[PDB]
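Only one structure is covered here, and it is reproduced in the block below.
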Amino acid sequence: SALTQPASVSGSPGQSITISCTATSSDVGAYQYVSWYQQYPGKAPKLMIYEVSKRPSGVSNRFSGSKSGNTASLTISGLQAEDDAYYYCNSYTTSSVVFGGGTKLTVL
Amino acid sequence: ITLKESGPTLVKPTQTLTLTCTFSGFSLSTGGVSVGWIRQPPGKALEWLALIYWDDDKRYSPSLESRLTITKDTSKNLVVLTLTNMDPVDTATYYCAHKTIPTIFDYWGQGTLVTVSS
Amino acid sequence: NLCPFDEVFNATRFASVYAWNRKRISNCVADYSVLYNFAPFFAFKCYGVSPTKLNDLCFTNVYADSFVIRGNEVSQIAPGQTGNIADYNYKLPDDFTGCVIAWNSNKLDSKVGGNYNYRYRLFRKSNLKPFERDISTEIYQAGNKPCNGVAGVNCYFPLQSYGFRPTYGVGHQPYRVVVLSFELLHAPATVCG
């Protein structure tokens, strides 16, 4: 209801894939800070990219975000078998931080 | 930077649950720095809970406010969250991550699984 | 010997628009190039003296005023410009010599939910004279005997908080700003390097 994410995606190993995190809600503000998290099978989520197209030093150079308006297109190039995991989006609304419904990525 | 949660692992219905998150590497004196709490039910999405800034200005989630009073102690670098009236819905994992303005929740801790039932 | 610039630009908490922090900076070998290592300097324009050829000139008495405003109001700190922050709570003369420095800062000023810490006088009676600061927080009138400490036709408190949050557009983000006032006529060089 607050954000919106597709159920799951499965990209063949070695290819690229994009995921969408549409807001589907009016007045989420300017929709400028949208962070993405890597969820392992029972581990603490790790920050992958923050500030749309920006990225924290310490991670790979393949993840890249984008914005088609009201959403955040999380991209993954050179898909490797290591990337099978859960993915989430996160962005404040006027009153409080909200999260995405989750996405599952299994490489086959 | 490092964080670690601790507290009771088991709790009964309609009880006051308490958790203490101790951090190292940063303090609550520099600008921008804050500390928030998040929970995740098994197999469900994460959620926000509250937040304590560095200016002792505190914020809670709208839907579940008027509870979970977040306190702190800057001498031993420890944050305390306490939420009463345990329900079977409240059985989930709990994480304490540090917030900067743009890099929202960039440093998460370990997390402790806690159960709410008879 | 250097003088307080890294204690005027690195302040932890800045004052409000109606409570600017006046200061004097003298007796120092003054280098105006410590600024350039600070920030992208969104707003930087000098009146009466060029910024490039600044480090050499000398001054009589240099005052510095620091406060915080909104995004779309940085234009109002200029000689002779009318508005709502310029005509009500901060006004500088038409013969002003010096310059203004504003750099967007919302990584240290906007909280999730609204930081109700910065205010600004919205109502008053008339315009204010240059560099005239007032703190009074009485309850504004209502034409007739007002609703002093109560509600009614028009009983509106004079101060209003900005309330910054991280969802505001770039026009509504907080901006820190410092104003330097120089003197150049017959000056007994006291602050220059």
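Numbering starts fresh at 1 for the residues of each chain in the structure tokens, the chains themselves are lettered A, B, ... in the order given, and ligands are numbered from 1 as they appear.
Residues of chain C having any atom within 7 Å of chain A, counting only C-alpha atoms, are residues 112, 113, 167, 168 and 169 of chain C.
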Selected residues, C-alpha atoms, written as a tab-separated table (two decimals), in the first residue's frame, please.
chain	number	residue	atom	x	y	z
C	112	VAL	CA	12.06	12.59	10.04
C	113	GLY	CA	8.74	14.12	11.07
C	167	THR	CA	10.49	14.76	1.79
C	168	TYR	CA	10.44	18.50	1.05
C	169	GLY	CA	11.44	19.67	-2.40
Extract the full set of strand (DSSP E or B) residues from chain C according to DSSP on the backbone, and format it as a short mmCIF file (atom, residue, chain, number, x, y, z; two decimals) with N, CA and C atoms, in the first residue's frame.
data_model
loop_
_atom_site.label_atom_id
_atom_site.label_comp_id
_atom_site.auth_asym_id
_atom_site.auth_seq_id
_atom_site.Cartn_x
_atom_site.Cartn_y
_atom_site.Cartn_z
N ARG C 24 32.31 40.22 15.96
CA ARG C 24 33.39 41.03 15.42
C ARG C 24 34.62 40.16 15.25
N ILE C 25 35.38 40.39 14.18
CA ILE C 25 36.58 39.61 13.88
C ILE C 25 37.69 40.59 13.52
N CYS C 28 43.93 40.01 13.18
CA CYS C 28 44.32 38.71 12.63
C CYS C 28 44.87 38.89 11.23
N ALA C 43 25.29 29.62 -2.98
CA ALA C 43 25.07 31.06 -3.07
C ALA C 43 26.32 31.80 -2.60
N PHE C 44 27.01 32.45 -3.54
CA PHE C 44 28.19 33.27 -3.14
C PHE C 44 28.35 34.45 -4.11
N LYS C 45 27.98 35.65 -3.67
CA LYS C 45 28.09 36.86 -4.52
C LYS C 45 28.52 38.04 -3.65
N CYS C 46 29.52 38.81 -4.09
CA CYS C 46 30.02 39.90 -3.26
C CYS C 46 29.71 41.25 -3.87
N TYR C 47 29.33 42.19 -3.01
CA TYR C 47 28.97 43.55 -3.39
C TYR C 47 30.07 44.49 -2.91
N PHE C 59 40.52 45.85 5.93
CA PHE C 59 39.21 46.32 6.36
C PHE C 59 39.28 46.92 7.76
N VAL C 62 35.01 43.92 10.70
CA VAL C 62 34.31 42.90 9.93
C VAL C 62 33.33 42.19 10.85
N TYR C 63 32.04 42.36 10.58
CA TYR C 63 30.99 41.70 11.34
C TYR C 63 30.47 40.49 10.57
N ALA C 64 30.05 39.46 11.30
CA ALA C 64 29.58 38.22 10.70
C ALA C 64 28.28 37.79 11.37
N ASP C 65 27.24 37.57 10.56
CA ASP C 65 25.92 37.19 11.05
C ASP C 65 25.54 35.84 10.47
N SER C 66 25.20 34.89 11.34
CA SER C 66 24.92 33.53 10.93
C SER C 66 23.51 33.13 11.34
N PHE C 67 22.79 32.48 10.42
CA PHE C 67 21.44 31.99 10.69
C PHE C 67 21.08 30.96 9.63
N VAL C 68 19.83 30.53 9.63
CA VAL C 68 19.35 29.46 8.75
C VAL C 68 18.00 29.89 8.19
N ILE C 69 17.79 29.66 6.89
CA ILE C 69 16.55 30.02 6.23
C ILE C 69 16.09 28.85 5.37
N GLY C 98 30.29 44.09 1.55
CA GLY C 98 30.55 42.79 2.12
C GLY C 98 30.03 41.74 1.17
N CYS C 99 29.60 40.61 1.72
CA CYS C 99 28.86 39.64 0.92
C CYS C 99 28.32 38.49 1.76
N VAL C 100 27.51 37.67 1.09
CA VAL C 100 26.68 36.65 1.69
C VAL C 100 27.12 35.29 1.16
N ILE C 101 27.04 34.28 2.02
CA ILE C 101 27.49 32.93 1.67
C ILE C 101 26.48 31.93 2.21
N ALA C 102 25.79 31.23 1.31
CA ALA C 102 24.75 30.28 1.68
C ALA C 102 25.03 28.95 1.00
N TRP C 103 25.02 27.87 1.78
CA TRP C 103 25.26 26.53 1.26
C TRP C 103 24.22 25.57 1.82
N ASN C 104 23.44 24.96 0.92
CA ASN C 104 22.37 24.05 1.31
C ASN C 104 22.87 23.05 2.34
N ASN C 115 11.50 19.08 11.89
CA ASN C 115 12.33 19.68 12.93
C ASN C 115 11.75 21.05 13.28
N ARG C 119 12.46 29.11 13.79
CA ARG C 119 11.28 29.94 13.65
C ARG C 119 11.62 31.22 12.88
N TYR C 120 10.59 32.01 12.61
CA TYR C 120 10.75 33.26 11.87
C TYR C 120 9.51 34.11 12.10
N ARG C 121 9.72 35.36 12.47
CA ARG C 121 8.63 36.30 12.67
C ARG C 121 7.84 36.50 11.38
N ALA C 142 -5.22 41.58 17.45
CA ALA C 142 -6.37 41.23 16.62
C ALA C 142 -7.19 42.48 16.32
N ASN C 144 -8.94 44.92 17.24
CA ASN C 144 -9.51 45.36 18.51
C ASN C 144 -8.68 44.72 19.62
N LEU C 159 5.39 34.04 15.85
CA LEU C 159 6.44 33.14 15.39
C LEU C 159 5.84 31.92 14.73
N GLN C 160 6.55 31.39 13.74
CA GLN C 160 6.11 30.19 13.03
C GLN C 160 7.33 29.34 12.72
N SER C 161 7.23 28.04 13.00
CA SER C 161 8.35 27.15 12.78
C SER C 161 8.45 26.74 11.32
N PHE C 164 11.35 21.35 8.93
CA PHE C 164 11.98 20.67 7.81
C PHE C 164 11.82 19.16 7.95
N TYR C 175 18.82 26.09 4.50
CA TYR C 175 20.05 26.67 3.97
C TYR C 175 20.72 27.50 5.05
N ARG C 176 21.99 27.20 5.32
CA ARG C 176 22.76 28.00 6.26
C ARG C 176 23.41 29.17 5.53
N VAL C 177 23.51 30.30 6.21
CA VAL C 177 23.93 31.54 5.55
C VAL C 177 24.66 32.44 6.54
N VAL C 178 25.76 33.03 6.07
CA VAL C 178 26.57 33.97 6.83
C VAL C 178 26.75 35.25 6.03
N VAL C 179 26.61 36.39 6.70
CA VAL C 179 26.73 37.70 6.06
C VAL C 179 27.89 38.45 6.69
N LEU C 180 28.83 38.91 5.85
CA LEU C 180 30.01 39.64 6.30
C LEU C 180 29.86 41.12 5.94
N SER C 181 30.05 41.99 6.92
CA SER C 181 29.96 43.43 6.72
C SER C 181 31.33 44.06 6.88
N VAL C 191 42.37 43.77 10.00
CA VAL C 191 42.06 42.38 9.70
C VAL C 191 42.32 42.10 8.22
#
Wanna dump the chain B-chain A contacts at 10 Å for me, each residue with its shortest atom pair and the distance in Å to one decimal, counting only C-alpha atoms, ordered by chain and number, as JSON lines?
{"residue": "B:42", "atom": "CA", "partner": "A:42", "partner_atom": "CA", "distance": 9.9}
{"residue": "B:43", "atom": "CA", "partner": "A:102", "partner_atom": "CA", "distance": 9.9}
{"residue": "B:44", "atom": "CA", "partner": "A:101", "partner_atom": "CA", "distance": 8.1}
{"residue": "B:45", "atom": "CA", "partner": "A:101", "partner_atom": "CA", "distance": 5.8}
{"residue": "B:46", "atom": "CA", "partner": "A:99", "partner_atom": "CA", "distance": 6.7}
{"residue": "B:47", "atom": "CA", "partner": "A:99", "partner_atom": "CA", "distance": 6.6}
{"residue": "B:48", "atom": "CA", "partner": "A:97", "partner_atom": "CA", "distance": 6.3}
{"residue": "B:49", "atom": "CA", "partner": "A:97", "partner_atom": "CA", "distance": 9.2}
{"residue": "B:50", "atom": "CA", "partner": "A:96", "partner_atom": "CA", "distance": 9.0}
{"residue": "B:51", "atom": "CA", "partner": "A:96", "partner_atom": "CA", "distance": 9.9}
{"residue": "B:59", "atom": "CA", "partner": "A:96", "partner_atom": "CA", "distance": 8.7}
{"residue": "B:60", "atom": "CA", "partner": "A:96", "partner_atom": "CA", "distance": 8.0}
{"residue": "B:61", "atom": "CA", "partner": "A:96", "partner_atom": "CA", "distance": 6.1}
{"residue": "B:62", "atom": "CA", "partner": "A:95", "partner_atom": "CA", "distance": 7.1}
{"residue": "B:63", "atom": "CA", "partner": "A:96", "partner_atom": "CA", "distance": 9.8}
{"residue": "B:95", "atom": "CA", "partner": "A:44", "partner_atom": "CA", "distance": 8.2}
{"residue": "B:101", "atom": "CA", "partner": "A:33", "partner_atom": "CA", "distance": 8.6}
{"residue": "B:102", "atom": "CA", "partner": "A:33", "partner_atom": "CA", "distance": 6.1}
{"residue": "B:103", "atom": "CA", "partner": "A:50", "partner_atom": "CA", "distance": 5.6}
{"residue": "B:104", "atom": "CA", "partner": "A:35", "partner_atom": "CA", "distance": 6.7}
{"residue": "B:105", "atom": "CA", "partner": "A:47", "partner_atom": "CA", "distance": 7.7}
{"residue": "B:106", "atom": "CA", "partner": "A:47", "partner_atom": "CA", "distance": 5.6}
{"residue": "B:107", "atom": "CA", "partner": "A:47", "partner_atom": "CA", "distance": 7.8}
{"residue": "B:108", "atom": "CA", "partner": "A:44", "partner_atom": "CA", "distance": 6.8}
{"residue": "B:109", "atom": "CA", "partner": "A:44", "partner_atom": "CA", "distance": 7.1}
{"residue": "B:110", "atom": "CA", "partner": "A:44", "partner_atom": "CA", "distance": 6.3}
{"residue": "B:111", "atom": "CA", "partner": "A:44", "partner_atom": "CA", "distance": 7.5}
Dump as an mmCIF file, in the first residue's frame, selection limited to N, CA, C and O atoms:
data_model
loop_
_atom_site.group_PDB
_atom_site.id
_atom_site.type_symbol
_atom_site.label_atom_id
_atom_site.label_comp_id
_atom_site.auth_asym_id
_atom_site.auth_seq_id
_atom_site.Cartn_x
_atom_site.Cartn_y
_atom_site.Cartn_z
ATOM 1 N N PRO B 42 8.385 -13.307 10.755
ATOM 2 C CA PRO B 42 8.934 -14.399 9.940
ATOM 3 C C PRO B 42 8.264 -14.457 8.577
ATOM 4 O O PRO B 42 7.050 -14.645 8.468
ATOM 5 N N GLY B 43 9.068 -14.285 7.532
ATOM 6 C CA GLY B 43 8.557 -14.359 6.182
ATOM 7 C C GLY B 43 7.742 -13.169 5.737
ATOM 8 O O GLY B 43 7.050 -13.259 4.720
ATOM 9 N N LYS B 44 7.795 -12.060 6.462
ATOM 10 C CA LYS B 44 7.054 -10.857 6.113
ATOM 11 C C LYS B 44 8.031 -9.721 5.832
ATOM 12 O O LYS B 44 9.252 -9.895 5.856
ATOM 13 N N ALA B 45 7.503 -8.538 5.579
ATOM 14 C CA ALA B 45 8.394 -7.417 5.241
ATOM 15 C C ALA B 45 8.874 -6.759 6.533
ATOM 16 O O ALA B 45 8.235 -6.988 7.560
ATOM 17 N N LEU B 46 9.934 -5.951 6.473
ATOM 18 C CA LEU B 46 10.441 -5.249 7.670
ATOM 19 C C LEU B 46 9.460 -4.130 8.027
ATOM 20 O O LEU B 46 8.502 -3.956 7.268
ATOM 21 N N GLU B 47 9.661 -3.414 9.139
ATOM 22 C CA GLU B 47 8.806 -2.239 9.450
ATOM 23 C C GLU B 47 9.545 -1.272 10.367
ATOM 24 O O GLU B 47 10.480 -1.716 11.039
ATOM 25 N N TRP B 48 9.127 -0.008 10.403
ATOM 26 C CA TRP B 48 9.751 0.975 11.323
ATOM 27 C C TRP B 48 9.089 0.876 12.690
ATOM 28 O O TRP B 48 8.038 0.250 12.778
ATOM 29 N N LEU B 49 9.736 1.434 13.719
ATOM 30 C CA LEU B 49 9.196 1.374 15.101
ATOM 31 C C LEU B 49 9.301 2.768 15.731
ATOM 32 O O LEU B 49 8.245 3.349 16.055
ATOM 33 N N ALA B 50 10.527 3.280 15.884
ATOM 34 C CA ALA B 50 10.734 4.606 16.514
ATOM 35 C C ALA B 50 12.080 5.193 16.080
ATOM 36 O O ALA B 50 12.784 4.535 15.290
ATOM 37 N N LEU B 51 12.515 6.297 16.665
ATOM 38 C CA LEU B 51 13.795 6.873 16.335
ATOM 39 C C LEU B 51 14.185 7.855 17.379
ATOM 40 O O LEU B 51 13.338 8.510 17.894
ATOM 41 N N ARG B 59 11.015 10.367 17.789
ATOM 42 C CA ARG B 59 9.934 10.178 16.835
ATOM 43 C C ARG B 59 9.472 8.729 16.876
ATOM 44 O O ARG B 59 10.275 7.814 17.085
ATOM 45 N N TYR B 60 8.175 8.521 16.669
ATOM 46 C CA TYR B 60 7.606 7.185 16.659
ATOM 47 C C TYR B 60 6.823 6.970 15.372
ATOM 48 O O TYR B 60 6.530 7.911 14.631
ATOM 49 N N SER B 61 6.487 5.712 15.109
ATOM 50 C CA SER B 61 5.652 5.404 13.960
ATOM 51 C C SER B 61 4.211 5.826 14.237
ATOM 52 O O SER B 61 3.708 5.630 15.345
ATOM 53 N N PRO B 62 3.531 6.423 13.258
ATOM 54 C CA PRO B 62 2.168 6.921 13.511
ATOM 55 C C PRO B 62 1.198 5.844 13.953
ATOM 56 O O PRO B 62 0.457 6.037 14.923
ATOM 57 N N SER B 63 1.158 4.716 13.245
ATOM 58 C CA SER B 63 0.136 3.715 13.524
ATOM 59 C C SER B 63 0.295 3.126 14.919
ATOM 60 O O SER B 63 -0.700 2.881 15.613
ATOM 61 N N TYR B 95 16.028 -5.319 14.892
ATOM 62 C CA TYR B 95 17.318 -4.745 14.540
ATOM 63 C C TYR B 95 17.377 -3.272 14.925
ATOM 64 O O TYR B 95 16.369 -2.560 14.892
ATOM 65 N N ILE B 101 21.019 11.191 7.166
ATOM 66 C CA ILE B 101 19.885 11.608 6.346
ATOM 67 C C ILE B 101 19.717 10.947 5.045
ATOM 68 O O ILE B 101 18.674 10.497 4.804
ATOM 69 N N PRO B 102 20.724 10.845 4.234
ATOM 70 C CA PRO B 102 20.557 10.175 2.949
ATOM 71 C C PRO B 102 20.758 8.694 2.993
ATOM 72 O O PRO B 102 20.062 7.927 2.436
ATOM 73 N N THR B 103 21.768 8.280 3.666
ATOM 74 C CA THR B 103 22.071 6.852 3.790
ATOM 75 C C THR B 103 21.267 6.259 4.950
ATOM 76 O O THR B 103 21.775 5.944 6.026
ATOM 77 N N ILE B 104 19.970 6.101 4.696
ATOM 78 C CA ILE B 104 19.018 5.607 5.686
ATOM 79 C C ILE B 104 19.350 4.176 6.087
ATOM 80 O O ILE B 104 19.384 3.274 5.243
ATOM 81 N N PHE B 105 19.593 3.965 7.381
ATOM 82 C CA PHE B 105 19.888 2.647 7.952
ATOM 83 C C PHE B 105 20.998 1.914 7.200
ATOM 84 O O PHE B 105 20.800 0.854 6.608
ATOM 85 N N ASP B 106 22.182 2.506 7.241
ATOM 86 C CA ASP B 106 23.343 1.945 6.573
ATOM 87 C C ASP B 106 24.141 0.975 7.427
ATOM 88 O O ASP B 106 24.950 0.219 6.881
ATOM 89 N N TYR B 107 23.948 0.969 8.743
ATOM 90 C CA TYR B 107 24.705 0.089 9.630
ATOM 91 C C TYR B 107 23.753 -0.647 10.566
ATOM 92 O O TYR B 107 23.321 -0.091 11.577
ATOM 93 N N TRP B 108 23.448 -1.900 10.244
ATOM 94 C CA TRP B 108 22.555 -2.721 11.044
ATOM 95 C C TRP B 108 23.347 -3.616 11.984
ATOM 96 O O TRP B 108 24.529 -3.889 11.776
ATOM 97 N N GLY B 109 22.668 -4.083 13.026
ATOM 98 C CA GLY B 109 23.301 -4.948 13.998
ATOM 99 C C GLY B 109 23.113 -6.418 13.684
ATOM 100 O O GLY B 109 23.103 -6.813 12.515
ATOM 101 N N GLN B 110 22.957 -7.237 14.721
ATOM 102 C CA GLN B 110 22.774 -8.675 14.551
ATOM 103 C C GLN B 110 21.297 -9.056 14.532
ATOM 104 O O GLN B 110 20.818 -9.667 13.573
ATOM 105 N N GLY B 111 20.571 -8.703 15.587
ATOM 106 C CA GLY B 111 19.159 -9.014 15.694
ATOM 107 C C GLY B 111 18.896 -10.231 16.554
ATOM 108 O O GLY B 111 19.600 -11.237 16.440
#
Determine, using only C-alpha atoms, which residues of chain C have any atom at most 10 Å from an atom of chain B, and tabulate each with its shortest atom pair and distance in Å to one decimal place, rows ordered by chain and then rising number, as JSON lines.
{"residue": "C:12", "atom": "CA", "partner": "B:31", "partner_atom": "CA", "distance": 7.2}
{"residue": "C:13", "atom": "CA", "partner": "B:31", "partner_atom": "CA", "distance": 8.8}
{"residue": "C:106", "atom": "CA", "partner": "B:101", "partner_atom": "CA", "distance": 8.0}
{"residue": "C:107", "atom": "CA", "partner": "B:101", "partner_atom": "CA", "distance": 5.4}
{"residue": "C:108", "atom": "CA", "partner": "B:32", "partner_atom": "CA", "distance": 4.8}
{"residue": "C:109", "atom": "CA", "partner": "B:32", "partner_atom": "CA", "distance": 7.6}
{"residue": "C:110", "atom": "CA", "partner": "B:101", "partner_atom": "CA", "distance": 7.9}
{"residue": "C:111", "atom": "CA", "partner": "B:101", "partner_atom": "CA", "distance": 7.9}
{"residue": "C:112", "atom": "CA", "partner": "B:59", "partner_atom": "CA", "distance": 7.5}
{"residue": "C:113", "atom": "CA", "partner": "B:59", "partner_atom": "CA", "distance": 7.1}
{"residue": "C:114", "atom": "CA", "partner": "B:59", "partner_atom": "CA", "distance": 9.6}
{"residue": "C:115", "atom": "CA", "partner": "B:57", "partner_atom": "CA", "distance": 8.5}
{"residue": "C:116", "atom": "CA", "partner": "B:57", "partner_atom": "CA", "distance": 9.7}
{"residue": "C:165", "atom": "CA", "partner": "B:101", "partner_atom": "CA", "distance": 10.0}
{"residue": "C:166", "atom": "CA", "partner": "B:101", "partner_atom": "CA", "distance": 7.5}
Residue 29 of chain B environment, 9 Å, only C-alpha atoms, sequence neighbours closer than 2 positions dropped, as a list in words: residues 26, 27, 31, 33, 54, 55 and 74 of chain B
Polymer residues at most 7 Å from residue 105 of chain A, only C-alpha atoms, same-chain spacing of 6 or more positions, as a PyMOL selection string: chain A and resi 8-10+84-86
Please produce a file of the residues just selected, as a tab-separated table (two decimals), in the first residue's frame, where the atoms kept are N, CA, C and O atoms.
chain	number	residue	atom	x	y	z
A	8	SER	N	8.55	-11.72	-7.75
A	8	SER	CA	9.89	-12.28	-7.86
A	8	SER	C	10.37	-12.16	-9.30
A	8	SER	O	9.58	-11.90	-10.22
A	9	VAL	N	11.67	-12.34	-9.48
A	9	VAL	CA	12.31	-12.34	-10.79
A	9	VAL	C	13.37	-13.44	-10.80
A	9	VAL	O	13.96	-13.77	-9.77
A	10	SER	N	13.60	-14.00	-11.99
A	10	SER	CA	14.61	-15.04	-12.18
A	10	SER	C	15.32	-14.76	-13.50
A	10	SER	O	14.74	-14.95	-14.57
A	84	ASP	N	21.43	-14.47	-5.62
A	84	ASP	CA	20.16	-15.05	-5.21
A	84	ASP	C	19.84	-14.60	-3.79
A	84	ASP	O	20.49	-15.06	-2.84
A	85	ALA	N	18.85	-13.74	-3.63
A	85	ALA	CA	18.60	-13.14	-2.32
A	85	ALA	C	17.29	-12.36	-2.36
A	85	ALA	O	16.61	-12.32	-3.39
A	86	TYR	N	16.94	-11.74	-1.24
A	86	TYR	CA	15.79	-10.87	-1.17
A	86	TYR	C	16.22	-9.42	-1.29
A	86	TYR	O	17.33	-9.06	-0.90
Minimum-distance residue to residue 17 of chain B, chosen among B:86, B:64, B:92, B:38 (using only C-alpha atoms): B:86
When you look at segment 122-126 of chain C with a cut-off of 9 Å (counting only C-alpha atoms), what residues show up, excluding the ones that are within fewer than 6 positions of it in the same chain? I need them as a PDB file with N, CA and C atoms, in the first residue's frame.
ATOM      1  N   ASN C  84       9.322  38.498   2.972  1.00  0.00           N
ATOM      2  CA  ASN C  84       8.753  38.148   4.262  1.00  0.00           C
ATOM      3  C   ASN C  84       9.804  37.932   5.334  1.00  0.00           C
ATOM      4  N   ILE C  85      11.007  37.497   4.967  1.00  0.00           N
ATOM      5  CA  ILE C  85      12.094  37.435   5.933  1.00  0.00           C
ATOM      6  C   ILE C  85      12.912  38.717   5.904  1.00  0.00           C
ATOM      7  N   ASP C  87      11.621  41.920   5.087  1.00  0.00           N
ATOM      8  CA  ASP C  87      10.842  43.037   5.594  1.00  0.00           C
ATOM      9  C   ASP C  87      10.349  42.839   7.018  1.00  0.00           C
ATOM     10  N   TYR C  88      10.346  41.615   7.530  1.00  0.00           N
ATOM     11  CA  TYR C  88       9.850  41.378   8.879  1.00  0.00           C
ATOM     12  C   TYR C  88      10.921  41.059   9.911  1.00  0.00           C
ATOM     13  N   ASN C  89      11.909  40.204   9.615  1.00  0.00           N
ATOM     14  CA  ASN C  89      12.883  39.858  10.644  1.00  0.00           C
ATOM     15  C   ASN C  89      14.369  39.969  10.309  1.00  0.00           C
ATOM     16  N   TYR C 140       0.299  38.221  19.004  1.00  0.00           N
ATOM     17  CA  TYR C 140       0.002  39.297  18.080  1.00  0.00           C
ATOM     18  C   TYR C 140      -1.408  39.822  18.322  1.00  0.00           C
ATOM     19  N   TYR C 156      -3.360  35.660  16.262  1.00  0.00           N
ATOM     20  CA  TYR C 156      -2.340  34.759  15.684  1.00  0.00           C
ATOM     21  C   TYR C 156      -0.941  34.982  16.275  1.00  0.00           C
ATOM     22  N   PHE C 157      -0.365  34.004  16.974  1.00  0.00           N
ATOM     23  CA  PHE C 157       1.016  34.124  17.497  1.00  0.00           C
ATOM     24  C   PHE C 157       1.949  34.591  16.394  1.00  0.00           C
ATOM     25  N   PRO C 158       3.037  35.341  16.688  1.00  0.00           N
ATOM     26  CA  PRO C 158       3.892  35.963  15.665  1.00  0.00           C
ATOM     27  C   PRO C 158       4.932  35.025  15.085  1.00  0.00           C
ATOM     28  N   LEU C 159       5.395  34.045  15.847  1.00  0.00           N
ATOM     29  CA  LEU C 159       6.442  33.144  15.393  1.00  0.00           C
ATOM     30  C   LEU C 159       5.837  31.916  14.728  1.00  0.00           C
ATOM     31  N   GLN C 160       6.549  31.387  13.739  1.00  0.00           N
ATOM     32  CA  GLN C 160       6.112  30.194  13.033  1.00  0.00           C
ATOM     33  C   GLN C 160       7.328  29.337  12.724  1.00  0.00           C
TER      34      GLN C 160
END
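Atom to atom, atom CA of residue 26 of chain A and atom CA of residue 70 of chain C stand 23.9 Å apart.
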All residues 10 Å or closer to residue 76 of chain B, only C-alpha atoms, same chain fewer than 5 positions away omitted, as a ChimeraX atom specification: /B:22-24,27
Shell around residue 115 of chain B at 7 Å using only C-alpha atoms, local window under 3 positions removed, as number ranges by chain: B: 9-11, 91
